[PDB]
C-alpha cells in the first residue's frame, strides 16, 4: 500500500491538499488528529465542511463525546494502525493532520517501519505575519453563521452548559482563547456570539495568536519523519 503522509502546523493548508489528492486518486484521508474525533467541536477543531470534502471521504479515528476527554494518543495510534491495516488491499491512503502526540507515536511505532511505500510531505510554518493572516481568515470562517453547521462560538456556548466540558475545552486551542476572552471582558460565554462590532476583531486576532503559539509548539515537538 502507498501511504501519503501530510503533516505540519495548524493553518498550513494540509486538509485541502489532502482533499485534492483524494479527489484525484479516490483514496480516503485519515485525520491524524485527536481533537477532531469530538464532532461536538467539529468546527473549532478544524473539520472540513461537508461541502468542502467535494464528496471525498474523511475518516476520524474515533467519534466521542467531549466530556469523555480527548482521545489519548496511544489509543488514537492503535486506532490508526487498525484503519490502515484493514484497508491493506487498497492502492493507497492519505494520512493528514497536526497531532503532535500522535505523530510522535507513529515515529516510535514499528508498524510503519516496514511494509509500505510512502510519499511524505511536511509543511512548515512560514513567516509569522503571513501565518497570522491565514489564521485570522480561518478563524473568521469558523465564526461565520451558517445554516449547515454550528460556529465555534455556538459549539462553545452549547457545551458550556455541561460543567465537565469546561476543563476540557480550557485545554483546546481556540476554545481556551475564547473562554479567556469572555472572562477578560466580563461576558458570559453564552454572550460571545452576540458580541459588539469591533470585539469580534479583537477575538479573532486573539485566537490567531493562540494558533501561532500552537504552530510554534508543533515545529518544536514534531518528529522528523524520514524522506
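Positions refer to the first chain, counted from 1.
- The PDB entry reports B-factors from which the mean C-alpha value can be compared for 141-149 and 74-82; the larger average falls on 141-149.
- For residue 173, the recorded CA temperature factor ranks within the middle third of the chain's modelled residues.
- Looking at the C-alpha B-factors along this chain, the one for residue 87 belongs to the lowest third.
- Sort the modelled residues of the chain by CA B factor and residue 15 lands in the lowest third.
- Ranked by Cα temperature factor within the chain, residue 215 sits in the lowest third according to the deposited record.
- In this PDB entry, the Cα temperature factor of residue 198 sits in the top third of its chain's modelled residues, the highest group.
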